[PDB]
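Enquirer: Take a look at upload_4.tsv, TSV, C-alpha atoms:
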```
chain	number	residue	atom	x	y	z
V	1	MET	CA	139.91	65.26	95.16
V	2	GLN	CA	137.51	63.60	92.70
V	3	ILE	CA	133.93	64.61	91.92
V	4	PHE	CA	131.47	63.39	89.32
V	5	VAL	CA	129.46	65.39	86.81
V	6	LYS	CA	126.48	63.70	85.21
V	7	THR	CA	124.31	65.02	82.37
V	8	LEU	CA	120.75	64.48	81.15
V	9	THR	CA	122.00	61.99	78.50
V	10	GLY	CA	123.01	59.75	81.42
V	11	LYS	CA	126.71	60.46	80.84
V	12	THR	CA	129.12	60.83	83.76
V	13	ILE	CA	132.53	62.53	83.67
V	14	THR	CA	135.04	62.89	86.50
V	15	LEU	CA	136.95	66.00	87.57
V	16	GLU	CA	140.04	66.59	89.70
V	17	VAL	CA	139.07	69.50	91.95
V	18	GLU	CA	139.81	71.14	95.26
V	19	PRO	CA	137.05	72.39	97.61
V	20	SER	CA	138.57	75.86	97.15
V	21	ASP	CA	137.78	75.79	93.41
V	22	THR	CA	135.13	78.24	92.29
V	23	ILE	CA	132.08	76.91	90.47
V	24	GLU	CA	133.26	78.95	87.49
V	25	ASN	CA	136.64	77.23	87.58
V	26	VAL	CA	134.82	73.89	87.77
V	27	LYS	CA	133.03	74.84	84.56
V	28	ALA	CA	136.42	75.74	83.06
V	29	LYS	CA	137.54	72.23	83.93
V	30	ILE	CA	134.46	70.84	82.18
V	31	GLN	CA	135.34	73.08	79.22
V	32	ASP	CA	138.93	71.79	79.23
V	33	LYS	CA	137.46	68.28	78.94
V	34	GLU	CA	134.35	68.76	76.76
V	35	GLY	CA	134.82	71.97	74.78
V	36	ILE	CA	131.65	73.65	76.12
V	37	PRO	CA	132.14	77.24	77.33
V	38	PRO	CA	131.21	77.95	80.96
V	39	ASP	CA	128.36	80.31	80.10
V	40	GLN	CA	126.61	77.40	78.35
V	41	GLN	CA	126.75	75.33	81.57
V	42	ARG	CA	124.52	75.19	84.62
V	43	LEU	CA	125.80	73.14	87.57
V	44	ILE	CA	123.33	71.75	90.12
V	45	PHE	CA	123.96	69.98	93.45
V	46	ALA	CA	121.19	68.76	95.76
V	47	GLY	CA	118.70	70.48	93.43
V	48	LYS	CA	120.16	74.01	93.78
V	49	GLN	CA	121.85	75.80	90.88
V	50	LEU	CA	125.40	76.74	91.89
V	51	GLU	CA	126.62	80.33	91.62
V	52	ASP	CA	129.77	80.99	89.58
V	53	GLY	CA	131.57	83.01	92.25
V	54	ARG	CA	131.22	80.58	95.13
V	55	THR	CA	133.34	77.52	95.94
V	56	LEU	CA	132.72	73.81	96.26
V	57	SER	CA	133.58	74.41	99.93
V	58	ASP	CA	130.73	76.94	100.32
V	59	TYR	CA	128.30	74.18	99.28
V	60	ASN	CA	129.87	71.47	101.49
V	61	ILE	CA	130.56	69.39	98.37
V	62	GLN	CA	132.84	66.54	99.45
V	63	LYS	CA	134.88	64.07	97.43
V	64	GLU	CA	132.86	61.68	95.24
V	65	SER	CA	129.92	64.06	95.05
V	66	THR	CA	127.94	64.15	91.83
V	67	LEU	CA	127.10	67.51	90.33
V	68	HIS	CA	124.49	67.70	87.58
V	69	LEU	CA	125.34	69.56	84.38
V	70	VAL	CA	122.51	71.16	82.41
V	71	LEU	CA	123.37	72.94	79.18
V	72	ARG	CA	121.35	76.14	78.62
V	73	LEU	CA	121.88	78.81	75.97
V	74	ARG	CA	123.12	82.24	77.04
V	75	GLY	CA	119.76	83.57	78.19
V	76	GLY	CA	116.37	81.95	78.30
E	1	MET	CA	156.54	44.74	94.17
E	2	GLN	CA	154.14	43.08	91.71
E	3	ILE	CA	150.56	44.08	90.93
E	4	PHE	CA	148.10	42.87	88.33
E	5	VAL	CA	146.09	44.87	85.82
E	6	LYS	CA	143.11	43.18	84.22
E	7	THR	CA	140.94	44.50	81.38
E	8	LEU	CA	137.39	43.96	80.16
E	9	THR	CA	138.64	41.47	77.51
E	10	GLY	CA	139.64	39.22	80.43
E	11	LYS	CA	143.35	39.94	79.84
E	12	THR	CA	145.76	40.31	82.77
E	13	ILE	CA	149.16	42.00	82.68
E	14	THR	CA	151.67	42.37	85.51
E	15	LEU	CA	153.58	45.47	86.58
E	16	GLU	CA	156.67	46.07	88.71
E	17	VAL	CA	155.70	48.98	90.96
E	18	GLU	CA	156.44	50.62	94.27
E	19	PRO	CA	153.69	51.87	96.62
E	20	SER	CA	155.20	55.34	96.16
E	21	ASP	CA	154.41	55.26	92.42
E	22	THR	CA	151.76	57.72	91.30
E	23	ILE	CA	148.72	56.38	89.48
E	24	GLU	CA	149.89	58.43	86.50
E	25	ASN	CA	153.28	56.71	86.59
E	26	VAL	CA	151.45	53.36	86.78
E	27	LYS	CA	149.67	54.32	83.57
E	28	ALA	CA	153.05	55.22	82.07
E	29	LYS	CA	154.18	51.71	82.94
E	30	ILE	CA	151.10	50.32	81.19
E	31	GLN	CA	151.97	52.56	78.23
E	32	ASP	CA	155.56	51.26	78.24
E	33	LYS	CA	154.09	47.75	77.95
E	34	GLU	CA	150.98	48.23	75.77
E	35	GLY	CA	151.45	51.44	73.79
E	36	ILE	CA	148.28	53.12	75.12
E	37	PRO	CA	148.77	56.72	76.34
E	38	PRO	CA	147.84	57.43	79.97
E	39	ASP	CA	144.99	59.79	79.11
E	40	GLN	CA	143.24	56.87	77.36
E	41	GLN	CA	143.39	54.80	80.58
E	42	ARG	CA	141.15	54.66	83.63
E	43	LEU	CA	142.44	52.62	86.58
E	44	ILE	CA	139.97	51.22	89.13
E	45	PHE	CA	140.60	49.46	92.46
E	46	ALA	CA	137.82	48.24	94.76
E	47	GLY	CA	135.33	49.95	92.44
E	48	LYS	CA	136.79	53.49	92.78
E	49	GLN	CA	138.49	55.27	89.89
E	50	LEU	CA	142.03	56.21	90.90
E	51	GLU	CA	143.26	59.81	90.63
E	52	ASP	CA	146.40	60.47	88.59
E	53	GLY	CA	148.20	62.49	91.26
E	54	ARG	CA	147.86	60.05	94.14
E	55	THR	CA	149.97	57.00	94.95
E	56	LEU	CA	149.35	53.28	95.27
E	57	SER	CA	150.21	53.89	98.94
E	58	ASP	CA	147.36	56.42	99.33
E	59	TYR	CA	144.94	53.66	98.29
E	60	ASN	CA	146.50	50.94	100.50
E	61	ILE	CA	147.20	48.87	97.38
E	62	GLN	CA	149.47	46.02	98.46
E	63	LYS	CA	151.51	43.55	96.44
E	64	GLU	CA	149.49	41.16	94.25
E	65	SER	CA	146.55	43.53	94.06
E	66	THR	CA	144.57	43.63	90.84
E	67	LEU	CA	143.74	46.99	89.34
E	68	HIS	CA	141.13	47.18	86.59
E	69	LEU	CA	141.98	49.04	83.39
E	70	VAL	CA	139.14	50.64	81.42
E	71	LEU	CA	140.00	52.42	78.19
E	72	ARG	CA	137.98	55.62	77.63
E	73	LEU	CA	138.51	58.29	74.98
E	74	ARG	CA	139.76	61.72	76.04
E	75	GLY	CA	136.40	63.04	77.20
E	76	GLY	CA	133.00	61.43	77.31
```
Let me see whether you can do it: turn the structure in this file into structure tokens.

Expert:
Amino acid sequence: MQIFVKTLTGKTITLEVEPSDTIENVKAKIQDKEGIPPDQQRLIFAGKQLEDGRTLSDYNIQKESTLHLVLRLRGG
Amino acid sequence: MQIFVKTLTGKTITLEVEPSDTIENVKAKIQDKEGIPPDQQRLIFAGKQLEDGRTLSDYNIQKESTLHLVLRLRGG
């Protein structure tokens, strides 16, 4: 299925995912597309930051959802 | 069957396709005609971006439909 990922610079990319994909694997797919390692990504859906070990399914993320990517350095 | 592909420059090309063709194969047919590799193509029908692994059939695209080609560099 298809989901969207939009950034703070307004940009939107699309991903080919399955609900069974982990959030970490979704970041790998962003990395495959954009070159940014997963640990520099934060993914947000409905205002909650998604945990790497859970799935799109666990968050009831259906096709044509938009996740929000926020880049953040390893830490804070 | 015959479908149309129109671009942002107004141009329209025609393709000889079957409903069972994948969207990726449709981009290969554009590539055979225009020289543009599939991963530089985005195909849109009724405002939704088509996924490479699905078929014209999956989208209920009938003969004499017009798809919309948008060129986009590998990424965003």

Enquirer: Restrict the calculation to all atoms listed in the file, then for each residue of chain V with any atom at most 7 Å from an atom of chain E give the closest atom pair and their distance in Å to one decimal, rows by chain and rising residue number, as a tab-separated table.

Expert:
```
residue	atom	partner	partner_atom	distance
V:13	CA	E:76	CA	6.5
V:33	CA	E:75	CA	5.6
V:34	CA	E:75	CA	6.1
```

Enquirer: Would you put the residues from that selection into a file with C-alpha atoms, as a PDB file, keeping the file's coordinate frame?

Expert:
```pdb
ATOM      1  CA  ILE V  13     132.530  62.530  83.670  1.00  0.00           C
ATOM      2  CA  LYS V  33     137.460  68.280  78.940  1.00  0.00           C
ATOM      3  CA  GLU V  34     134.350  68.760  76.760  1.00  0.00           C
TER       4      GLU V  34
END
```

Enquirer: Within 12 Å of (130.2, 76.5, 76.7) in the file's own coordinates, which protein, DNA or RNA residues have an atom, counting only C-alpha atoms? List them as a PyMOL selection string.

Expert: chain V and resi 24+27-42+69-74

Enquirer: Between CA of residue 68 (chain E) and CA of residue 55 (chain E), what distance in Å does the model show, to one decimal?

Expert: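 Those two atoms sit 15.6 Å apart.
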
Enquirer: Find the residues near residue 3 (chain E): any atom within 12 Å, counting all atoms listed in the file, skip ones fewer than 2 places away on the same chain, and give them as a PyMOL selection string.

Expert: chain E and resi 1+5-6+12-19+21+26+29-30+45+56+61-68

Enquirer: May I have chain E as a PDB file with C-alpha atoms, keeping the file's coordinate frame, after a least-squares superposition on chain V that uses all C-alpha atoms paired in order?

Expert:
```pdb
ATOM      1  CA  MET E   1     139.907  65.263  95.160  1.00  0.00           C
ATOM      2  CA  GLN E   2     137.507  63.603  92.700  1.00  0.00           C
ATOM      3  CA  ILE E   3     133.927  64.603  91.920  1.00  0.00           C
ATOM      4  CA  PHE E   4     131.467  63.393  89.320  1.00  0.00           C
ATOM      5  CA  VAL E   5     129.457  65.393  86.810  1.00  0.00           C
ATOM      6  CA  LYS E   6     126.477  63.703  85.211  1.00  0.00           C
ATOM      7  CA  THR E   7     124.307  65.023  82.371  1.00  0.00           C
ATOM      8  CA  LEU E   8     120.757  64.483  81.151  1.00  0.00           C
ATOM      9  CA  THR E   9     122.007  61.993  78.501  1.00  0.00           C
ATOM     10  CA  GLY E  10     123.007  59.743  81.421  1.00  0.00           C
ATOM     11  CA  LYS E  11     126.717  60.463  80.830  1.00  0.00           C
ATOM     12  CA  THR E  12     129.127  60.833  83.760  1.00  0.00           C
ATOM     13  CA  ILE E  13     132.527  62.523  83.670  1.00  0.00           C
ATOM     14  CA  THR E  14     135.037  62.893  86.500  1.00  0.00           C
ATOM     15  CA  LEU E  15     136.947  65.993  87.570  1.00  0.00           C
ATOM     16  CA  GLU E  16     140.037  66.593  89.700  1.00  0.00           C
ATOM     17  CA  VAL E  17     139.067  69.503  91.950  1.00  0.00           C
ATOM     18  CA  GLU E  18     139.807  71.143  95.260  1.00  0.00           C
ATOM     19  CA  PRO E  19     137.057  72.393  97.610  1.00  0.00           C
ATOM     20  CA  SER E  20     138.567  75.863  97.150  1.00  0.00           C
ATOM     21  CA  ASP E  21     137.777  75.783  93.410  1.00  0.00           C
ATOM     22  CA  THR E  22     135.127  78.243  92.291  1.00  0.00           C
ATOM     23  CA  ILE E  23     132.087  76.903  90.471  1.00  0.00           C
ATOM     24  CA  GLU E  24     133.257  78.953  87.491  1.00  0.00           C
ATOM     25  CA  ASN E  25     136.647  77.233  87.581  1.00  0.00           C
ATOM     26  CA  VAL E  26     134.817  73.883  87.770  1.00  0.00           C
ATOM     27  CA  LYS E  27     133.037  74.843  84.561  1.00  0.00           C
ATOM     28  CA  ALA E  28     136.416  75.744  83.060  1.00  0.00           C
ATOM     29  CA  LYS E  29     137.547  72.234  83.930  1.00  0.00           C
ATOM     30  CA  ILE E  30     134.467  70.844  82.180  1.00  0.00           C
ATOM     31  CA  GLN E  31     135.336  73.084  79.220  1.00  0.00           C
ATOM     32  CA  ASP E  32     138.926  71.784  79.230  1.00  0.00           C
ATOM     33  CA  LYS E  33     137.456  68.274  78.940  1.00  0.00           C
ATOM     34  CA  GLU E  34     134.346  68.754  76.760  1.00  0.00           C
ATOM     35  CA  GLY E  35     134.816  71.964  74.780  1.00  0.00           C
ATOM     36  CA  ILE E  36     131.646  73.644  76.111  1.00  0.00           C
ATOM     37  CA  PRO E  37     132.136  77.244  77.331  1.00  0.00           C
ATOM     38  CA  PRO E  38     131.206  77.953  80.961  1.00  0.00           C
ATOM     39  CA  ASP E  39     128.356  80.313  80.101  1.00  0.00           C
ATOM     40  CA  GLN E  40     126.606  77.393  78.351  1.00  0.00           C
ATOM     41  CA  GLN E  41     126.756  75.323  81.571  1.00  0.00           C
ATOM     42  CA  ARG E  42     124.517  75.183  84.621  1.00  0.00           C
ATOM     43  CA  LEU E  43     125.807  73.143  87.571  1.00  0.00           C
ATOM     44  CA  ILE E  44     123.337  71.743  90.121  1.00  0.00           C
ATOM     45  CA  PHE E  45     123.967  69.983  93.451  1.00  0.00           C
ATOM     46  CA  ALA E  46     121.187  68.763  95.751  1.00  0.00           C
ATOM     47  CA  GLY E  47     118.697  70.473  93.431  1.00  0.00           C
ATOM     48  CA  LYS E  48     120.157  74.013  93.771  1.00  0.00           C
ATOM     49  CA  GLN E  49     121.857  75.793  90.881  1.00  0.00           C
ATOM     50  CA  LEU E  50     125.397  76.733  91.891  1.00  0.00           C
ATOM     51  CA  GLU E  51     126.627  80.333  91.621  1.00  0.00           C
ATOM     52  CA  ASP E  52     129.767  80.993  89.581  1.00  0.00           C
ATOM     53  CA  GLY E  53     131.567  83.013  92.251  1.00  0.00           C
ATOM     54  CA  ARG E  54     131.227  80.573  95.131  1.00  0.00           C
ATOM     55  CA  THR E  55     133.337  77.523  95.941  1.00  0.00           C
ATOM     56  CA  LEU E  56     132.717  73.803  96.261  1.00  0.00           C
ATOM     57  CA  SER E  57     133.577  74.413  99.931  1.00  0.00           C
ATOM     58  CA  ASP E  58     130.727  76.943 100.321  1.00  0.00           C
ATOM     59  CA  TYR E  59     128.307  74.183  99.281  1.00  0.00           C
ATOM     60  CA  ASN E  60     129.868  71.463 101.491  1.00  0.00           C
ATOM     61  CA  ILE E  61     130.567  69.393  98.371  1.00  0.00           C
ATOM     62  CA  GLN E  62     132.838  66.543  99.450  1.00  0.00           C
ATOM     63  CA  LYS E  63     134.878  64.073  97.430  1.00  0.00           C
ATOM     64  CA  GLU E  64     132.857  61.683  95.240  1.00  0.00           C
ATOM     65  CA  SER E  65     129.917  64.053  95.050  1.00  0.00           C
ATOM     66  CA  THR E  66     127.937  64.153  91.830  1.00  0.00           C
ATOM     67  CA  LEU E  67     127.107  67.513  90.331  1.00  0.00           C
ATOM     68  CA  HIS E  68     124.497  67.703  87.581  1.00  0.00           C
ATOM     69  CA  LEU E  69     125.347  69.563  84.381  1.00  0.00           C
ATOM     70  CA  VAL E  70     122.507  71.163  82.411  1.00  0.00           C
ATOM     71  CA  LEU E  71     123.366  72.943  79.181  1.00  0.00           C
ATOM     72  CA  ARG E  72     121.346  76.143  78.621  1.00  0.00           C
ATOM     73  CA  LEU E  73     121.876  78.813  75.971  1.00  0.00           C
ATOM     74  CA  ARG E  74     123.126  82.243  77.031  1.00  0.00           C
ATOM     75  CA  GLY E  75     119.766  83.563  78.192  1.00  0.00           C
ATOM     76  CA  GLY E  76     116.366  81.953  78.302  1.00  0.00           C
TER      77      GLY E  76
END
```

Enquirer: Just give me the gap between CA of residue 47 (chain E) and CA of residue 11 (chain E) in Å, one decimal is fine.

Expert: 18.0 Å

Enquirer: Enter the distance from CA of residue 9 (chain V) to CA of residue 58 (chain V), in Å, rounded to one decimal.

Expert: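 Straight-line distance from CA of residue 9 (chain V) to CA of residue 58 (chain V) works out to 27.9 Å.
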
Enquirer: Quick one: axis-aligned box around all listed atoms of region 3-21 of chain E, 5 Å on every side, centre and edge lengths in Å to one decimal, written as JSON.

Expert:
```
{"center_x": 147.0, "center_y": 47.3, "center_z": 87.1, "size_x": 29.3, "size_y": 26.1, "size_z": 29.1}
```

Enquirer: Can you complete the atoms of region 51-69 of chain E to N, CA and C atoms and list them as a PDB file, in the frame of the given file?

Expert:
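Here's the written file out_12.pdb:
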```pdb
ATOM      1  N   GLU E  51     142.865  58.482  91.089  1.00  0.00           N
ATOM      2  CA  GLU E  51     143.260  59.810  90.630  1.00  0.00           C
ATOM      3  C   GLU E  51     144.739  59.828  90.262  1.00  0.00           C
ATOM      4  N   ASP E  52     145.056  60.517  89.162  1.00  0.00           N
ATOM      5  CA  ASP E  52     146.400  60.470  88.590  1.00  0.00           C
ATOM      6  C   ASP E  52     147.481  60.933  89.552  1.00  0.00           C
ATOM      7  N   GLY E  53     147.174  61.899  90.415  1.00  0.00           N
ATOM      8  CA  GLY E  53     148.200  62.490  91.260  1.00  0.00           C
ATOM      9  C   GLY E  53     148.496  61.756  92.545  1.00  0.00           C
ATOM     10  N   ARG E  54     147.680  60.775  92.897  1.00  0.00           N
ATOM     11  CA  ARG E  54     147.860  60.050  94.140  1.00  0.00           C
ATOM     12  C   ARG E  54     148.719  58.814  93.911  1.00  0.00           C
ATOM     13  N   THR E  55     149.078  58.145  95.003  1.00  0.00           N
ATOM     14  CA  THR E  55     149.970  57.000  94.950  1.00  0.00           C
ATOM     15  C   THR E  55     149.208  55.712  95.235  1.00  0.00           C
ATOM     16  N   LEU E  56     149.822  54.592  94.829  1.00  0.00           N
ATOM     17  CA  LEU E  56     149.350  53.280  95.270  1.00  0.00           C
ATOM     18  C   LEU E  56     149.239  53.232  96.793  1.00  0.00           C
ATOM     19  N   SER E  57     150.219  53.824  97.486  1.00  0.00           N
ATOM     20  CA  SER E  57     150.210  53.890  98.940  1.00  0.00           C
ATOM     21  C   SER E  57     148.936  54.548  99.465  1.00  0.00           C
ATOM     22  N   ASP E  58     148.557  55.699  98.885  1.00  0.00           N
ATOM     23  CA  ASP E  58     147.360  56.420  99.330  1.00  0.00           C
ATOM     24  C   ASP E  58     146.119  55.547  99.295  1.00  0.00           C
ATOM     25  N   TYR E  59     146.086  54.544  98.420  1.00  0.00           N
ATOM     26  CA  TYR E  59     144.940  53.660  98.290  1.00  0.00           C
ATOM     27  C   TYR E  59     145.126  52.331  99.013  1.00  0.00           C
ATOM     28  N   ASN E  60     146.208  52.182  99.775  1.00  0.00           N
ATOM     29  CA  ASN E  60     146.500  50.940 100.500  1.00  0.00           C
ATOM     30  C   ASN E  60     146.519  49.743  99.558  1.00  0.00           C
ATOM     31  N   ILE E  61     147.100  49.927  98.374  1.00  0.00           N
ATOM     32  CA  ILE E  61     147.200  48.870  97.380  1.00  0.00           C
ATOM     33  C   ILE E  61     148.468  48.083  97.681  1.00  0.00           C
ATOM     34  N   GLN E  62     148.314  46.834  98.111  1.00  0.00           N
ATOM     35  CA  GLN E  62     149.470  46.020  98.460  1.00  0.00           C
ATOM     36  C   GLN E  62     149.858  45.104  97.306  1.00  0.00           C
ATOM     37  N   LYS E  63     151.011  44.450  97.463  1.00  0.00           N
ATOM     38  CA  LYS E  63     151.510  43.550  96.440  1.00  0.00           C
ATOM     39  C   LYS E  63     150.454  42.512  96.089  1.00  0.00           C
ATOM     40  N   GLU E  64     150.424  42.132  94.813  1.00  0.00           N
ATOM     41  CA  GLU E  64     149.490  41.160  94.250  1.00  0.00           C
ATOM     42  C   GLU E  64     148.053  41.659  94.254  1.00  0.00           C
ATOM     43  N   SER E  65     147.857  42.968  94.346  1.00  0.00           N
ATOM     44  CA  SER E  65     146.550  43.530  94.060  1.00  0.00           C
ATOM     45  C   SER E  65     146.269  43.468  92.572  1.00  0.00           C
ATOM     46  N   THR E  66     144.989  43.510  92.231  1.00  0.00           N
ATOM     47  CA  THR E  66     144.570  43.630  90.840  1.00  0.00           C
ATOM     48  C   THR E  66     143.869  44.964  90.668  1.00  0.00           C
ATOM     49  N   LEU E  67     144.429  45.813  89.821  1.00  0.00           N
ATOM     50  CA  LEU E  67     143.740  46.990  89.340  1.00  0.00           C
ATOM     51  C   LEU E  67     142.965  46.629  88.069  1.00  0.00           C
ATOM     52  N   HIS E  68     141.947  47.422  87.765  1.00  0.00           N
ATOM     53  CA  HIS E  68     141.130  47.180  86.590  1.00  0.00           C
ATOM     54  C   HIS E  68     141.305  48.338  85.621  1.00  0.00           C
ATOM     55  N   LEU E  69     141.768  48.029  84.417  1.00  0.00           N
ATOM     56  CA  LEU E  69     141.980  49.040  83.390  1.00  0.00           C
ATOM     57  C   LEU E  69     140.730  49.126  82.531  1.00  0.00           C
TER      58      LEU E  69
END
```
